[PDB]
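Engineer: Chains as they are written, first to last, in UniProt numbering: chain R, 47 to 73; chain L, 31 to 205; chain F, 30 to 590, 596 to 603. Shown below is the structure under consideration.
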Amino acid sequence: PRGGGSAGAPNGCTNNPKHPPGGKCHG
Amino acid sequence: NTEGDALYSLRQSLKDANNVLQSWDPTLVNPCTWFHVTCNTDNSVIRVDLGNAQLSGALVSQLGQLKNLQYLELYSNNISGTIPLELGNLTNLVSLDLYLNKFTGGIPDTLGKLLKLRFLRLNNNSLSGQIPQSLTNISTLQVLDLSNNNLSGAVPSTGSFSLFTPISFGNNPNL
Amino acid sequence: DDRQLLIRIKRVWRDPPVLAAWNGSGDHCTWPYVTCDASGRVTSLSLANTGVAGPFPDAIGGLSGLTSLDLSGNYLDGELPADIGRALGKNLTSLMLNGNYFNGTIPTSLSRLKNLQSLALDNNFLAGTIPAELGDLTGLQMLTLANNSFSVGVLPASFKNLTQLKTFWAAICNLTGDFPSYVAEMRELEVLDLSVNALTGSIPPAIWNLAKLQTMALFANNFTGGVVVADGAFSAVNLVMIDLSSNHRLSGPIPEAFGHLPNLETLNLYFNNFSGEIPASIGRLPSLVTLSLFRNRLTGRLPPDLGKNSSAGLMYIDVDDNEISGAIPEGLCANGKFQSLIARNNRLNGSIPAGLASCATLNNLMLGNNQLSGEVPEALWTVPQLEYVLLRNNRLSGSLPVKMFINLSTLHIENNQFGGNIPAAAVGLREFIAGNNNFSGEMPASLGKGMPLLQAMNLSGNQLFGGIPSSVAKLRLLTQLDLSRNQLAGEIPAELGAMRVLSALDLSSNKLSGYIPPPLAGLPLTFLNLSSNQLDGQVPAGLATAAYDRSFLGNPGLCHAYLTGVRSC
């Protein structure tokens, strides 16, 4: 493979120091 | 947030042995909740403490977008390279400590635009070149310890440099 | 003859070790990654993430009867042939060229293969613009063109001819223009992922009419207006996710139709200018797991019912900047898996609910800058796990326990009315900031073995008395200290000047007495104020330059052998 991301993966921007993995902070 | 991106870029260019930057998550909105970073009441980075933490690598030119930085401490490390020319863009910088490192190159001209600097220590380095005259324009500068280097040229004697004693510039045979 | 054609592909790729069994071993159907029809001709070539490398072979066009072709995840590079649509085949339906290192532009001959059902040229290194001829494949069922190095271009109108699509993954392709109006006519969509782009316009009121959606994601765009979904048109009961995430210009109240989705699991509507009260209808959906409304202009109150159902999945609430008022919901952690609550910079008042203080699953509580009052229950510091507490600028009251949790690492309770005594053991703490409180009594004796990981301590404005502990010098990685505006007495520790990274010491307006420690001079100090005290003697040489001017003023028994308020010996 080359990289991650697939279909409708959620956004990443959160203030939670402990969040479920996945996403990139856009916005 | 641009400050978080700049700090993360600094992290990418630095190698750590004991993982002191493990909590620098780039996905967070503000970097104030990170470790080794202190903010003001308006969620702006105003202090970065990274002293005596085992690190290596080189700095980055992105350390110029933190407009409200007031204390930058990166001493007692194994960092190597050249001092970025953008460090003069931090108009609110109050204390710039980078001693006990493995830097090389020359003191940038841009470190004369800072009118609020009070401390400037670069002990135990390998810098070369000549002392810029712009240092004389910093009237608020109080502590200066440019020693244990490979500097040369002529020592300024005008402005705030008048009060400084020879101990400030020591162990520089080519000075 | 098919054996030579098949092995030519391997020879082009410099004989990869993966295809080591492709050496004249009778029939080729038993060979790995190769499938033949009843006639023996190759019908499927699945080489997903195998490890091959090299340019795209041109001999594959000789494999007549090819029906499935997968080359995803490999290291193939180069440029797709311009005549791909004229020789590759006529019975293929599953062309999958994604995740490779392909350069160049998309060939325009791909319209000459009108039998495809899946076309995925995504995550490549293509360039140019999406061709209009790609809309001629009316039989498409999954089109993904995302994360490519395209240029400024608008989606062709010919894409309105694709009425059988099931996945539209145009994530990052430099788009501009208006929102497509033909999306609402594809009444088979399951995933719609128009993602970060430069699109503009208002969200249509008809996109919410397709009763097959499962993921809606429009992260970063320039949409304006407000969500104007109308009554009698809401039919997407199977919708699972809504992620209108960051547009900076969406206005109007939050739609009232978002509280009737029995399968919603993630609602993200932050970084906008939504107004009005948060609908009370979303407090009973037994599927919600994440509610994020970071920055908006929402007024009103939080929904009264939230997580009352014992069999639910609510674990995340995050409203970090708004104008919400009212009280915290009572039954938040009833299911037993609640893990977060962020309501900073708001106007909620009341007290910490008893239910929230007993939820033994908590991870991050971030209430702050509100107008809360009352008394914090004593169970909040013992039963629930807690690693980040940021209760700042409130009127709360209480008393911390003797021993805190083993994994607490951040505590900001500044500008409160907390009482009791300072905790004596909070192993794992790294930031103890607590000022302008009502703490009293002598500080704990050790404070150097129960908190060996402290990095910043602030206790200014309290009412502590007694003496400074001698074990404070045993805290290795401590940078900031502050014990000003107190009634501390005794002697300054003589080992305080031997710690490593001490750089901020404030001990002003106290009742200390004695001689200034000499080794205090040999520190990387950047701030110091030992003023308004009852110190005696002479300032040690070194801490007397013009830098430390307003540090020792107000000491009658202090003299220097450059300073303001200090006499001469």
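In this text, a Cβ means the ideal position worked out from N, Cα and C, and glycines have one as well.
Can you find a CB in chain A that lies within less than 8 Å of the CB of L/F149?
Structural biologist: Absence of chain A from the displayed structure is noted, the protein chains being R, L and F.
Engineer: Quick check on DSSP: helix, strand or coil for F/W410?
Structural biologist: Locating residue 410 of chain F in the third sequence gives position 381, counting from the first residue. Correct three-state label for F/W410: helix.
Engineer: Apart from the five residues just before and just after L/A83, which ones in its own chain have a Cβ nearer than 6 Å to its Cβ?
Structural biologist: By one-based count along the second sequence, residue 83 of chain L stands at place 53. Listed in chain order, the non-local C-beta contacts of L/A83 below 6 Å within the same chain comprise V50, local neighbours out to five positions each way being set aside.
Engineer: If contacts are defined as beta-carbon pairs under 8 Å, then F/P546 and F/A523 qualify, I think. What distance do you get, rounded to the angstrom?
Structural biologist: In the third sequence, residue 546 of chain F corresponds to position 517, counting from 1. In the third sequence, residue 523 of chain F corresponds to position 494, counting from 1. 5 Å between Cβ atoms; contact.
Engineer: From F/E306 to F/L327, what distance separates their C-alpha atoms?
Structural biologist: The residue given as residue 306 of chain F occupies position 277 in the third sequence. The residue given as residue 327 of chain F occupies position 298 in the third sequence. Going by the C-alpha atoms only, they are around 6 Å apart.
Engineer: Looking at the C-beta of R/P63, does it have a partner C-beta in chain L at a distance below 8 Å?
Structural biologist: Locating residue 63 of chain R in the first sequence gives position 17, where the first residue counts as 1. With 8 Å as the cut-off, R/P63 counts as an interface residue toward chain L.
Engineer: Closer than 6 Å by C-beta to F/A389: which residues in its own chain qualify, once you throw out the five before and the five after it? Chain order, please.
Structural biologist: Residue 389 of chain F sits at position 360 when you count from the first residue of the third sequence. Exclusion of the five residues before and after F/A389 leaves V412 and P413 as the residues of its chain whose Cβ lies within less than 6 Å of its Cβ.
Engineer: Please classify F/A227 as buried or exposed, where buried requires at least 16 other C-beta atoms within 10 Å of its C-beta.
Structural biologist: Numbered from 1 along the third sequence, position 198 holds the residue referred to as residue 227 of chain F. Exposed, since its Cβ has fewer than 16 Cβ neighbours within 10 Å.
Engineer: Pull up the distance between the alpha-carbon of F/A88 and that of F/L117, whole angstroms please.
Structural biologist: If you number the third sequence from 1, residue 88 of chain F lands on position 59. If you number the third sequence from 1, residue 117 of chain F lands on position 88. Distance between the alpha carbons of F/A88 and F/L117 is about 9 Å.
Engineer: Check whether the Cβ atoms of F/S387 and F/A363 lie closer than 8 Å to each other.
Structural biologist: Position 358 of the third sequence holds residue 387 of chain F. Position 334 of the third sequence holds residue 363 of chain F. No, these two residues do not count as a Cβ contact at 8 Å.
Engineer: Beta strand (DSSP E) containing F/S369: first to last residue?
Structural biologist: Residue mapping note: residue 369 of chain F aligns to position 340 of the third sequence, counting from 1. From DSSP, the beta strand (DSSP E) with F/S369 extends over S369 to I371.
Engineer: Going by beta-carbon coordinates alone, are F/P284 and F/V266 separated by less than 8 Å?
Structural biologist: Walking along the third sequence from the start, residue 284 of chain F turns up at place 255. Walking along the third sequence from the start, residue 266 of chain F turns up at place 237. It is not a contact, given that the beta carbons lie outside the stated cut-off.
Engineer: Please name the residue in F/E219, F/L322, F/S316 and F/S499 whose C-alpha comes closest to that of F/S340.
Structural biologist: Numbered from 1 along the third sequence, position 311 holds the residue referred to as residue 340 of chain F. Residue F/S316 is the option with its Cα nearest to F/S340.
Engineer: Using a Cβ-Cβ cut-off of 8 Å, state whether R/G73 counts as contacting chain F.
Structural biologist: As a first step, residue 73 of chain R must be located in the first sequence, where it is residue number 27. At least one chain F Cβ lies under 8 Å of R/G73.
Engineer: Need the endpoints of the alpha helix (DSSP H) that L/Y38 sits in, please.
Structural biologist: Here the question's residue 38 of chain L lines up with position 8 in the second sequence. Looking at the DSSP string, the run of the alpha helix (DSSP H) that includes L/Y38 is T32 to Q42.
Engineer: In chain order, what residues of the same chain lie with their CB nearer than 7 Å to the CB of F/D112, ignoring the 5 residues before and after it?
Structural biologist: In the third sequence, residue 112 of chain F corresponds to position 83, counting from 1. Within the same chain, F/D112 has close Cβ partners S138.
Engineer: Short of 6 Å in beta carbon distance, which residues of its chain neighbour F/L48, apart from the five on each side in sequence? Order them along the chain.
Structural biologist: Here residue 48 of chain F refers to the residue found at position 19 when the third sequence is read from its first residue. Excluding residues within five positions, the ones whose Cβ falls inside 6 Å are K39.
Engineer: Does the Cβ of F/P548 have 16 or more other Cβ atoms within 10 Å, making it buried, or fewer, making it exposed?
Structural biologist: As a first step, residue 548 of chain F is located in the third sequence; it is residue number 519 there, counting from the start. The residue is exposed, with fewer than 16 neighbouring Cβ atoms inside 10 Å.
Engineer: Below 7 Å on C-beta distance, what does residue 227 of chain L contact in chain F?
Structural biologist: Missing from the structure shown is residue 227 of chain L; chain L here goes from 31 to 205 and no further.
Engineer: Would you mind telling me which residues of chain R sit closer than 7 Å to L/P61, beta carbon to beta carbon, in chain order?
Structural biologist: Here residue 61 of chain L corresponds to residue number 31 of the second sequence, with the count starting at 1. In chain order: nothing, as chain R lies at least about 11 Å away.
Engineer: Using a 10 Å radius around the Cβ and a threshold of 16 neighbouring Cβ atoms, would you call F/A186 buried or exposed?
Structural biologist: Locating residue 186 of chain F in the third sequence gives position 157, where the first residue counts as 1. Looking at its Cβ environment, which holds fewer than 16 other Cβ atoms inside 10 Å, F/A186 is exposed.
Engineer: According to a CB-to-CB cut-off of less than 8 Å, which residues of the region 154-181 of chain L neighbour chain F?
Structural biologist: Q172 and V173
Engineer: Which parts of the region 402-474 of chain F are runs of the beta strand (DSSP E), unbroken and 3 residues or longer, counting only runs that do not cross its ends?
Structural biologist: none
Engineer: Measuring CA to CA, which of L/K143, L/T166 and L/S43 is closest to L/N119?
Structural biologist: Within the second sequence, numbered from 1, the residue matching residue 119 of chain L stands at position 89. Selected option, being the one with the closest Cα: L/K143.
Engineer: Assuming contact is defined by CB atoms lying nearer than 8 Å, are F/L218 and F/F197 in contact in what I supplied?
Structural biologist: On the third sequence, position 189 is the one that residue 218 of chain F refers to. On the third sequence, position 168 is the one that residue 197 of chain F refers to. Against a cut-off of 8 Å, the Cβ pair of F/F197 and F/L218 comes out as a contact.
Engineer: For F/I271, collect the residues of the same chain with a Cβ closer than 8 Å to its Cβ; drop the 5 residues on either side in sequence, then sort them by chain order.
Structural biologist: Position 242 of the third sequence, counted from the first residue, corresponds to residue 271 of chain F. Closer than 8 Å at Cβ, skipping near neighbours: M245, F287, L293, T295, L296, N297 and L298.
Engineer: Out of F/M125, F/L155, F/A161 and F/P136, which has the shortest C-alpha to C-alpha gap to F/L145?
Structural biologist: Here residue 145 of chain F refers to the residue found at position 116 of the third sequence. Minimum Cα distance to F/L145 is reached at F/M125.
Engineer: Looking at F/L458: is its Cβ nearer than 8 Å to the Cβ of F/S438?
Structural biologist: Locating residue 458 of chain F in the third sequence gives position 429, where the first residue counts as 1. Locating residue 438 of chain F in the third sequence gives position 409, where the first residue counts as 1. Yes.
Engineer: Nearest by alpha-carbon distance to F/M472: which of F/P569, F/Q243, F/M395 and F/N515 is it?
Structural biologist: Here residue 472 of chain F corresponds to residue number 443 of the third sequence, with the count starting at 1. The shortest CA-to-CA distance from F/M472 to any of F/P569, F/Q243, F/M395 and F/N515 is the one to F/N515.
Engineer: Taking any Cβ of chain F, which residues in the region 118-134 of chain L have a Cβ under 7 Å from it, in chain order?
Structural biologist: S125 and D127
Engineer: First and last residue of the alpha helix (DSSP H) that includes F/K39?
Structural biologist: Stepping through the third sequence from its first residue, residue 39 of chain F is reached at position 10. Per DSSP, F/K39 belongs to the alpha helix (DSSP H) from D31 to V41.
Engineer: Is L/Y101 close to chain F, meaning its C-beta is less than 8 Å from at least one C-beta of that chain?
Structural biologist: As a first step, residue 101 of chain L is located in the second sequence; it is residue number 71 there, counting from the start. True, the Cβ-Cβ gap to chain F drops below 8 Å.
Engineer: For the region 554-574 of chain F, which residues have a CB atom closer than 8 Å to at least one CB atom of chain L, in sequence order?
Structural biologist: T555 and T574
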